[PDB]
Amino acid sequence: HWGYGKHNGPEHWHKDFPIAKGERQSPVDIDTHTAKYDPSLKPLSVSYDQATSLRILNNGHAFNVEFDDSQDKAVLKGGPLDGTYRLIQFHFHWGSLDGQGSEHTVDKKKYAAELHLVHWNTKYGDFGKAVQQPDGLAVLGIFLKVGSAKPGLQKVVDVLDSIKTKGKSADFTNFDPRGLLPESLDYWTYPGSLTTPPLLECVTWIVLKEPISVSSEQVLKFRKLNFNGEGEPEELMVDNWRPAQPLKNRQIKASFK
Ligand SMILES: [Zn+2]
């Protein structure tokens with residue numbers, strides 16, 4: 001029964017998930033002045049042309065857009081990564097107000113939301129095995145700011161009414177995740193964790209420098225989702241973000257000067 005409330009939020013997670021206080025937890029603040037440019041980091045290779053979206057699910061903490069990950073259809077490679085990482089799902093974290101919502105921060109700045117495109121290392125055969133490995137996952141993190149609408153997001157926004165409450169799913173085929181990517185793929189990278197329980201320390205984080213813009217109407221629709229199931233007391237799905245964790249013995253690397 002973890003969540004984001006006063007009684008079960010991030011500050012409580014360590015009681016069930018002691019790794020919450022571990023050595024490579026996420027998110028973190030990205031101090032831009034202290035990140036080191038690593039000229040040997042390769043451009044990212046985002047290969048989403050053959051992506052097969054399947055479904056959208058309200059899981060009680062976010063909504064996941066799920067993909068067919070039984071073949072190499074939508075993959076991430078390059079950058080800091082060795083090998084091939086398959087897209088399994090994406091989801092967002094967002095706030096109750098435009099001035100908060102992101103998990104990572106940049107020089108302590110919070111964005112309105114943050115997109116996580118979750119990928120697993122094919123050498124481990126499935127997602128459940130991958131999360132047990134220190135190089136099991138690669139998560140592409142993209143900040144959202146409120147301004148102009150993002151046309152490539154609208155198909156997501158419009159289905160949200162069909163998955164208002166926990167446990168609801170809807171068919172969500174033919175969605176192209178390339179419509180959520182900013183122009184630049186410049187990034188920061190560091191080793192970290194899942195930002196929700198079980199908080200496993202299996203993620204190579206790749207956080208893009210350039211945010212995408214979404215409209216006030218689009219983010220407002222995120223905030224009309226519910227944490228609860230249908231016929232349970234309505235609790236708006238807002239502020240589903242974990243705050244920055246200690247960096248500890250990690251260095252954040254930048255792909256760009
Ligand atoms: Zn996430």
Side-chain angles (χ1 to χ4, degrees), residues 1-31 57-66 88-97 99-106 108-120 127-144 165-167 188-207 222-223 225-229 232-250 252:
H1 301 291
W2 69 266
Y4 296 92
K6 310 209 276 67
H7 310 289
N8 63 359
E11 294 177 350
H12 297 273
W13 295 352
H14 73 100
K15 289 176 278 175
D16 275 328
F17 304 95
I19 206 177
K21 295 186 175 201
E23 297 305 307
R24 57 176 279 187
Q25 289 288 292
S26 294
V28 299
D29 182 56
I30 301 165
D31 174 339
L57 170 68
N58 180 331
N59 62 20
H61 37 105
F63 61 86
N64 288 177
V65 173
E66 299 166 352
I88 179 166
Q89 50 99 337
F90 71 77
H91 62 272
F92 303 82
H93 304 268
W94 62 93
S96 56
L97 309 158
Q100 65 194 226
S102 68
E103 294 205 309
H104 296 88
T105 57
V106 178
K108 302 287 174 62
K109 175 186 177 61
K110 296 173 167 85
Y111 290 86
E114 185 173 332
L115 167 59
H116 290 159
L117 296 126
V118 180
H119 311 76
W120 57 272
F127 179 83
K129 296 302 185 318
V131 298
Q132 302 175 57
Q133 315 305 144
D135 61 347
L137 294 174
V139 182
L140 186 58
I142 300 177
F143 296 119
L144 282 62
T165 51
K166 179 176 180 26
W188 296 283
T189 185
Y190 73 96
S193 73
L194 298 175
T195 71
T196 54
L199 301 169
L200 294 170
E201 291 180 337
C202 61
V203 180
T204 301
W205 278 95
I206 299 169
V207 178
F222 284 17
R223 299 183 184 138
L225 293 165
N226 288 180
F227 283 126
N228 56 279
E232 303 171 351
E234 172 143 350
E235 193 177 71
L236 293 185
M237 184 181 282
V238 295
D239 296 317
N240 60 349
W241 50 277
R242 189 188 194 190
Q245 301 301 305
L247 191 59
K248 301 189 172 173
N249 186 38
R250 294 180 288 179
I252 301 179

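One-based numbering along the sequence shown. Because only heavy atoms are used, hydrogens play no part in the values below, and waters and symmetry mates are left out as well, while side chains stay in.
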Check: Closest heavy-atom contact between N226 and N58?
Finding: O-ND2, 3.2 Å

Notebook entry, point to check: Any idea which heavy atoms bring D29 and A244 closest together, and the distance?
Noted result: N-CB, 3.6 Å

Margin query: Ring centroids only, cut at 6.0 angstrom: are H104 and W188 within range, meaning strictly under it?
Written below: no

Item checked: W13 and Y4 aromatic centres sub-6.0 Å -> yes

Item checked: Residues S26 and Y190: side-chain donor-acceptor under 3.5 angstrom -> yes

Notebook entry, point to check: Does a sphere of radius 6.0 Å around NZ in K108 hold more than 12 heavy atoms from other residues, nucleotides or ligands, not counting ones at 6.0 Å or beyond?
Noted result: no

Checklist line | Point-to-point distance, once rounded to the nearest 0.5 Å, from CD of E235 to NZ of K166 | finding: 12.5 Å

Check: What heavy-atom pair brings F227 and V238 nearest, and what distance separates the two atoms?
Finding: CZ-O, 3.5 Å

Notebook entry, point to check: Taking only residues two or more places apart in sequence or in another chain, which ones pass side-chain contact (heavy atoms from CB on, under 4.5 Å) with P134?
Noted result: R24

Notebook entry, point to check: Can you list the steps and then say if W241 with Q100 is a side chain to side chain contact (heavy atoms under 4.5 Å, CB included)?
Noted result: CA-CA 9 Å; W241 50 277; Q100 65 194 226; 4.1 Å; yes

Checklist line | Test side chain to side chain contact (heavy atoms under 4.5 Å, CB included) applied to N249 and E23, step by step | finding: CA-CA 7 Å; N249 186 38; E23 297 305 307; 5.5 Å; no

Check: Looking only at heavy atoms, what is the nearest atom pair of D239 and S96, with distance?
Finding: OD2-OG, 2.7 Å

Checklist line | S193 side-chain N/O to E201 backbone N/O, donor-acceptor pair under 3.5 Å | finding: no

Next item on the list: State, with a plain yes or no, whether a side-chain heavy atom of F90 is found less than 4.5 Å away from one of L115.
Entry: yes

Check: Is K129 positioned over the aromatic face of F127, cation under 6.0 angstrom from the ring centre and no more than 45 degrees off axis?
Finding: no

Check: Pick one: which of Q25, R242, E103 meets side-chain hydrogen bond (donor to acceptor under 3.5 Å, both in side chains) with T195?
Finding: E103

Item checked: pair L57-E66: side-chain heavy atoms closer than 4.5 Å -> yes

Note to self: Has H91 got a side-chain atom pairing as donor or acceptor with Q89's backbone, closer than 3.5 angstrom?
What the structure shows: no

Notebook entry, point to check: Do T165 and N228 pass the side chain to side chain contact (heavy atoms under 4.5 Å, CB included) test, and can you show the C-alpha distance, the side-chain angles, and the key distance before you say yes or no?
Noted result: CA-CA 6 Å; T165 51; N228 56 279; 4.0 Å; yes

Checklist line | Smallest separation among heavy atoms of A130 and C202, with atom names | finding: O-CB, 4.1 Å

Next item on the list: State, yes or no, whether a side-chain contact exists between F143 and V106 at a heavy-atom distance under 4.5 Å.
Entry: yes

Check: Taking only residues two or more places apart in sequence or in another chain, which ones pass side-chain hydrogen bond (donor to acceptor under 3.5 Å, both in side chains) with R223?
Finding: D98

Next item on the list: Show your working on side chain to side chain contact (heavy atoms under 4.5 Å, CB included) between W205 and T189 and close with a plain yes or no.
Entry: CA-CA 5 Å; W205 278 95; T189 185; 5.6 Å; no

Next item on the list: Give me the one residue out of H7, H61, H14, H12 that meets ring-ring contact (aromatic ring centres under 6.0 Å, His included) with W2.
Entry: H61

Margin query: Centre-to-centre under 6.0 Å for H116 and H93, is that the case here?
Written below: yes

Check: Taking C-beta and beyond as the side chain, do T204 and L137 meet within less than 4.5 Å on heavy atoms?
Finding: no

Notebook entry, point to check: Looking at side-chain heavy atoms only, is the closest gap between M237 and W94 below 4.5 Å?
Noted result: yes

Next item on the list: Identify the two heavy atoms, one from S102 and one from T105, that lie closest to each other, and give their separation to 0.1 Å.
Entry: OG-CG2, 4.4 Å

Checklist line | Partner of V139 by side-chain contact (heavy atoms from CB on, under 4.5 Å), out of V207, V203, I206 | finding: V203

Margin query: Taking atom CD as the centre, does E11 end up with more than 12 heavy-atom neighbours from other residues, nucleotides or ligands that are less than 6.0 angstrom away?
Written below: no

Check: Hey, does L200 have a side-chain heavy atom less than 4.5 Å from the side chain of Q132?
Finding: no

